[PDB]
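**Q** Before we start, here is the structure in question, set down as structure tokens.
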Amino acid sequence: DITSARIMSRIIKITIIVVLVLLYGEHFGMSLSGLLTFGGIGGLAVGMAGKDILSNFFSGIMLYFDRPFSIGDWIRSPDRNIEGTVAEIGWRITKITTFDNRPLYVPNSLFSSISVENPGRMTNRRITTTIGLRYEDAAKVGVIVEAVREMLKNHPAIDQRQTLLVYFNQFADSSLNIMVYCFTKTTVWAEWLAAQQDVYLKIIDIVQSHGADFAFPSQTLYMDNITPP
Amino acid sequence: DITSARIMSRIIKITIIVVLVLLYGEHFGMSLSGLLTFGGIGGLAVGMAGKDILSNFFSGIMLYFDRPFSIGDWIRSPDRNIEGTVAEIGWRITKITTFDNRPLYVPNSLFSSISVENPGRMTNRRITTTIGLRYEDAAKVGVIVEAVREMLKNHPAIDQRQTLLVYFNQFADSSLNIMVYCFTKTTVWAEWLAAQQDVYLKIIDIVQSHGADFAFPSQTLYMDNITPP
Amino acid sequence: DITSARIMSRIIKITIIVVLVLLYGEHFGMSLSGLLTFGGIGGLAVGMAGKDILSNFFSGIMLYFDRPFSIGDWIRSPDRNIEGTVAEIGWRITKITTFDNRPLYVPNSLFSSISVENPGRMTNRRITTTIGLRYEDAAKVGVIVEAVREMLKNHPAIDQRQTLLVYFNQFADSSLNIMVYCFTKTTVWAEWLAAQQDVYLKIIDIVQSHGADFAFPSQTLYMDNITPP
Amino acid sequence: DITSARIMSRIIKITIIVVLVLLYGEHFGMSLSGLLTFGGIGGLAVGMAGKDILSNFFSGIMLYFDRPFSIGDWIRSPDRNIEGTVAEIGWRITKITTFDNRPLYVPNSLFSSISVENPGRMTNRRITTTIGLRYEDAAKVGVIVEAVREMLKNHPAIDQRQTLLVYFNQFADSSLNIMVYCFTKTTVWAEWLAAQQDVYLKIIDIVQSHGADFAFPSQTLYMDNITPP
Amino acid sequence: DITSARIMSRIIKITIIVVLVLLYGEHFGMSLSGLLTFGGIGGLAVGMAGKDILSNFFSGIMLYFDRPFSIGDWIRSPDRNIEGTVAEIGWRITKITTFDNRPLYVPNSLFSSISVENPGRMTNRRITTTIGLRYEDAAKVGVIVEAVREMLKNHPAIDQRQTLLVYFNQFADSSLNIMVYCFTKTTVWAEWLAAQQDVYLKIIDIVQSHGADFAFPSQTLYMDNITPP
Amino acid sequence: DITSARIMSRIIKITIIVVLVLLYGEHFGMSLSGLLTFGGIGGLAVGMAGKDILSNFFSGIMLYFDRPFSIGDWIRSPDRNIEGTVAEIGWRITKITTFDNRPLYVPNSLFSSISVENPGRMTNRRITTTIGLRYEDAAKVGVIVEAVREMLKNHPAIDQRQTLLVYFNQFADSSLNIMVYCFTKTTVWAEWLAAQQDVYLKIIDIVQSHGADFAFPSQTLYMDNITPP
Amino acid sequence: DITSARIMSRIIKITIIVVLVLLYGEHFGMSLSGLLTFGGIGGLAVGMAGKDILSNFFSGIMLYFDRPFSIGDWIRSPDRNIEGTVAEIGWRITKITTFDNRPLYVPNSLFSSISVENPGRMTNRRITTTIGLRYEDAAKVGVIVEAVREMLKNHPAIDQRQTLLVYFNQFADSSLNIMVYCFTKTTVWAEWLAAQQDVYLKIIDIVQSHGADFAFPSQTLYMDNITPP
């Protein structure tokens, strides 16, 4: 915009006139010590006010040098909400496309103090879940675990080079949970979901094939009758 | 107001007199070192007190240069509550109209340290939901998922170029949740709500038609009946 | 309070003597460097201690120039608890009358770093609610929605130029919720409450006129009697 | 502790001798630059370390100048827990008598950055509550409201010049809550509680006069049986 | 420990050699400006690093001069967890014996920025509780309140000069709570507990003397029978 | 690898060359004033960057002088998670052994701003618990309290010189809780647990000896039947 | 993209010409005081902006000297979420592989202010669990505890040199909890899980061998009837 050009011209004019008066003040402007003090105060205020912008620019330069992410991939941070697919990497501001298709303008300085996670560069997608048996299938926990583990071992979509754990490890207050923890070969978010659904259906079939069943949030009641007779 | 102009003139006169005494102090005011100390202390205090206003002004300039938002679109921030429609962008503060029609005055400096989202520039509005089947019907999960996916694919208000996912991926503590995740073509908040309602009614029809039902928060009770005989 | 004056005079005298010794002590007081460093340290410590007090005054000046609120208006902030109707705006601290009829003295500095919302300046009061049908009456949602909408279209206390939405958009845990979102023409907190009550009663009448009903929080019990035979 | 009085004397002696050496160092001590930098570093360390005391003293002076509270009245802050009755106001700390009859020593600096509320200076006490009818009483809500309102218009202990609101505005999860919001004309904490109790008893009587019968959580049990034959 | 003395001697040697080189550098070395900047940077870094340690000592001096707590009384802070009995007060570290007989070493600096409560110096112990009647005995509230108030007024362990409030002021969701708020004469934690137990037993007797038994978390079931025919 | 000593030597060489150029710039380096500000800015940046590292070493020195803990002691802090058994105390980093036998490397600076508790030096271990009767055995509260108190007083593993409290002081939501609060003579975590188990079993025996019987959550229901006829 | 090298060379040129002009300005650029002011302002602003980047590099150097972790080791921090396996330690950024196989980029400065835990250097894995007996079978707690202790003492996968605790210590609101606390010899996350599953199954067998079942979330329901006849 032409008005933006006008604003830049005004800013550079103010800066350059300040520089000239400070640099050539001693020649004409008396009290070089007074000019020293005034310029020091002004510069200190300006810098301690614009430190945010300067940090943004320097963080942008750093991001450009070392690349925690590229345009295509999507990022997230446990410390702060910046999740989304990066659209543009600017000097001061980076635009990220959220998963609801909304722009998100992240100052670059934010990346100098938080740990940035890059799921776009991940190698595998993880499937984690719990079974949660019924406290009366305790005699069947071992066979259920073995069957689930064998099913996961022969699943085409499961990566056999990664960790594949199926173990009764929780012992919750209303169920005997069995952790299932594996990885898929694909990282597409549609093949992964299909594989997860298939694994879950196979798990249901395995659990119900034996005499076991999943548990609801059970209770005991100790019912008492106090209604008038 | 007259008093506002009076206050501005008083501030200007104070600035002028301090500038004059600092610049011409050496000529008449002795103690060049003492004048240095006094002026430096005063300037440091003033600047370290007004850094907030200076930051507001600089952030306003930056907002003018980089344009996260216009004067018509609505914005929000995950970090802080600034949600609303931008009413006007000032040099020091931005006036935003909240969705309950209340003015909100946001200092510009906060825009230099938070990530600003701009839903006003969004491309599509997303419909996300969960089914949560009655959990005693797991043999009907696949057919229900397929029917819902086909219904969404054939829906005229759903954008077919965006992600369209319908998958069982949960094992909820009381239900078999099926995530549904799609996008609409419109972004008007009135056609989007109508499309969402239509999709939800279609989903209800699909679920009921397949001999399934939505789940409530179930539990088991193990009745004891300790009432006195 | 003669002491108010005594302490002010004492502070003025201390400041004056410090200024005299720092400014006219260059010749009588030897060690220009020593007095320079002494005065610098003292002034720096005083400034770092009084930065908050100076910030209060500067923020008061800014509030006087830029006016987020006036005496009559009642304000609030998402970031801090300053809710109430402002009683007066001092240079250093503003006192606000809370809705308990209690005075609350808020320093001006806080207004330089928080978003100040001014509900006193609003144009409309918003009515928002949800219906939450039993989920056994999903066939009556649509009709009911329309009915409610029509009622809000004909209500004399509802502003027709503002947002007016009535839609099923939830799939709640135990009910089918219908968001109602409208604005009233008045902003007086007494006609608004009366209009809200009238709208709610009309909504009850509309819901019960059909075969629908509002839902309680339900769960499926599944009892397995284990009392001794 | 005579030794600590000697320690105080030693502290003041150290301060005075350091000042004298800094001011008389040049005459005997040499390397004006070295002495200057040593004094500067020492002063910077002392100022950065011993700043809380100066801030507390300045905040105490300010508290004396502008009086957010006096000795008798009790104060509270939404930001920090300082609730209690002011026992005495010192230069660095204030003693506040909590409602446990325990002394609480609040540094003065805290008062320079938090909003201080003075309930001791309030003009009225507020009675606020909700009714919460059964949800089978909708047809009787209106009259109920009116009745309650009338009971508050004729109550000797209710201030008629303040806001007096009685309205159905909630649509709660298990009840039809009616907000009651009024003010008493006493502020002594014993007649206020008595008036509140009287108003609550009158509200109970009014509600029972009609078939209203304040509600309970009221969940639907959606019962099923799986006990083996 | 001899090595502690060795470390102290090493620190003293480093300090003295630094002082000698910086203060007599010009007479022996050269580069007044270079030595000045080097010494300044070094001293500034050391001060920024040791500000916390210096603050500890300054806060210890203040804690001696102003005495929030003595050598035997127990303290606590709503801001920080420092609860316990003061074991000893050092120049930098204060040792407090927690109530589980475990030492706690708190830096003195913390006491300069938090409000310290000293229940060791309190005058009375407070008894506060709620009754919570069955909510079907509202006609008994007045007589029960009067009886409890008379019992408290006639109790020999209750301080009659302090506040003594017994009032129905709640409208809980499942009961009619009655606040009881009084003080005891003793403050020794063993007779206070005995008096509290006696008051509680007397309250139980008073409540059950009238047909106004206490309240449990009531509910309203609304059963739907869905068992297969 | 050699890279450690190589990097140390490189850092030493860089520091030495910087010192030489800055301190001999006076002789050959032109613009004696320019190099002064260059070195000043460089040193300010380096110190402001390494303040944390310097503070770590200073806090290590302080920890070596003042001894909150020794090698064998296991420590914990309410402010931050550092719980574990000290493994070694370094100059910058302290190595702690967690109770899950994992190393934990705590920067020494952490200990300069948090209160460190040292359970390793406890004198006694504490047993605290509550009984929780049923509201129907309120007539037995006194007798049970006396019996438990006598049992604790006669127990051989309980320290009689410490506080020994057994009192009804709660009025729980669904029970009459009796607080029990005593100390054991041992502090070894194995005899303490055995003594606690023995005390708990004796408490169960005492409670069952009378008809108290250890209340449950114990709510009320008020059944309403809406089942279709 | 050679533009990266071009921008790096531009930065080098800027930072070298600044040094050239500042160090040679005194020869040709007048106003030594003004030039010093400008240079100091620029350096101070750049330092405040790049302190974070400088701290990252210094923390990287220290992390190389002191080694909290190595490449293969997997680390975590109670303060920040940095959990994962270290991929590579850089000068400014450390790359860590999370357990969901995605990279995480942690600035080195984070390691200078948080305590880093290294379960990679862990020696033994811990098995900790709770039993929670039926809470009406307290007479069997001792026998169950002894049996479980013997089972753990005779288990070949349990380290007998570590702590091995099995004790009743809780009085849960619905159960009598037995804490079990032991260590396993292996640390491979696969034999540990197998050993934990075996121990849990043996615990179930022991608990059910002599009649004592696990507790559910019990209640005392107190049914009351208010349905119309």
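Letters A, B, ... mark the chains of the structure tokens in the order given; residue numbers begin at 1 per chain; ligand numbers begin at 1, in order shown.
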Show me, as a list in words, the residues that have an atom within 6 Å of range 97-102 of chain D when counting only C-alpha atoms, minus same-chain residues fewer than 5 positions from it.
**A** residues 84, 85, 86 and 87 of chain D; 119 and 122 of chain E
**Q** Could you tell me which residues of chain F sit within 7 Å of chain E when counting only C-alpha atoms, and give me the result as a VMD selection string?
**A** chain F and resid 22 to 24 26 36 39 to 40 43 to 44 47 to 48 51 54 to 55 58 65 68 78 112 to 119 121 to 126 167 to 169 174 218 to 227
**Q** Dump C-alpha atoms for the selected residues as a PDB file, in the first residue's frame?
**A**
```pdb
ATOM      1  CA  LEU F  22      40.877  -5.562  24.543  1.00  0.00           C
ATOM      2  CA  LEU F  23      43.606  -4.836  27.111  1.00  0.00           C
ATOM      3  CA  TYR F  24      46.313  -4.025  24.569  1.00  0.00           C
ATOM      4  CA  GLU F  26      45.008   0.864  23.868  1.00  0.00           C
ATOM      5  CA  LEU F  36      35.610   0.194  24.732  1.00  0.00           C
ATOM      6  CA  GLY F  39      34.012  -4.906  24.483  1.00  0.00           C
ATOM      7  CA  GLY F  40      31.331  -3.588  26.812  1.00  0.00           C
ATOM      8  CA  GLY F  43      30.765  -8.699  27.746  1.00  0.00           C
ATOM      9  CA  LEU F  44      27.230  -7.630  28.607  1.00  0.00           C
ATOM     10  CA  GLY F  47      27.315 -12.362  30.952  1.00  0.00           C
ATOM     11  CA  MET F  48      23.584 -11.927  30.411  1.00  0.00           C
ATOM     12  CA  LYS F  51      24.054 -15.796  34.184  1.00  0.00           C
ATOM     13  CA  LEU F  54      27.339 -18.736  36.825  1.00  0.00           C
ATOM     14  CA  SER F  55      24.426 -18.967  39.265  1.00  0.00           C
ATOM     15  CA  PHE F  58      27.590 -19.967  42.990  1.00  0.00           C
ATOM     16  CA  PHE F  65      29.189 -24.038  52.712  1.00  0.00           C
ATOM     17  CA  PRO F  68      20.831 -28.639  53.700  1.00  0.00           C
ATOM     18  CA  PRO F  78       7.149 -28.787  47.963  1.00  0.00           C
ATOM     19  CA  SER F 112      18.759 -21.008  45.825  1.00  0.00           C
ATOM     20  CA  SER F 113      15.059 -20.204  45.312  1.00  0.00           C
ATOM     21  CA  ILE F 114      13.102 -23.162  46.767  1.00  0.00           C
ATOM     22  CA  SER F 115      12.606 -24.531  50.263  1.00  0.00           C
ATOM     23  CA  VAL F 116      14.396 -27.878  50.563  1.00  0.00           C
ATOM     24  CA  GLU F 117      12.943 -30.452  52.939  1.00  0.00           C
ATOM     25  CA  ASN F 118      15.262 -33.161  54.262  1.00  0.00           C
ATOM     26  CA  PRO F 119      13.278 -36.210  55.447  1.00  0.00           C
ATOM     27  CA  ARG F 121      17.108 -36.249  59.048  1.00  0.00           C
ATOM     28  CA  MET F 122      13.639 -36.912  60.484  1.00  0.00           C
ATOM     29  CA  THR F 123      13.324 -37.698  64.178  1.00  0.00           C
ATOM     30  CA  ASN F 124      10.005 -39.568  63.939  1.00  0.00           C
ATOM     31  CA  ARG F 125       7.571 -40.870  61.347  1.00  0.00           C
ATOM     32  CA  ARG F 126       3.906 -39.913  61.557  1.00  0.00           C
ATOM     33  CA  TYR F 167     -10.789 -36.733  68.189  1.00  0.00           C
ATOM     34  CA  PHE F 168     -14.068 -36.367  66.307  1.00  0.00           C
ATOM     35  CA  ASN F 169     -13.717 -33.077  64.435  1.00  0.00           C
ATOM     36  CA  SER F 174     -21.374 -39.215  54.680  1.00  0.00           C
ATOM     37  CA  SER F 218     -24.218 -43.745  51.775  1.00  0.00           C
ATOM     38  CA  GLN F 219     -26.531 -41.550  49.689  1.00  0.00           C
ATOM     39  CA  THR F 220     -30.348 -41.362  49.518  1.00  0.00           C
ATOM     40  CA  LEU F 221     -32.455 -41.988  46.432  1.00  0.00           C
ATOM     41  CA  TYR F 222     -36.260 -41.258  46.596  1.00  0.00           C
ATOM     42  CA  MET F 223     -37.541 -43.493  43.724  1.00  0.00           C
ATOM     43  CA  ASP F 224     -40.122 -42.152  41.186  1.00  0.00           C
ATOM     44  CA  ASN F 225     -41.588 -44.641  38.700  1.00  0.00           C
ATOM     45  CA  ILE F 226     -42.162 -43.443  35.104  1.00  0.00           C
ATOM     46  CA  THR F 227     -42.219 -46.953  33.562  1.00  0.00           C
TER      47      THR F 227
END
```
**Q** DSSP on the backbone, then: every residue of range 54-177 of chain E marked strand (DSSP E or B), written as a count of residues only.
**A** 34
**Q** Between CA of residue 72 in chain D and CA of residue 57 in chain D, what is the distance, to one decimal in Å?
**A**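 Pair CA of residue 72 in chain D / CA of residue 57 in chain D returns 21.9 Å.
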**Q** Rounded to one decimal, what separation in Å do you get between CA of residue 148 in chain A and CA of residue 164 in chain A?
**A**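 The value is 10.7 Å.
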**Q** Report the residues of range 49-158 of chain C whose backbone DSSP state falls under helix (DSSP H, G or I), written as a PyMOL selection string.
**A** chain C and resi 49-65+108-112+119-121+138-154
**Q** Could you jot down the CA of residue 176 in chain D to CA of residue 136 in chain C separation for me, Å, one decimal place?
**A** 21.7 Å
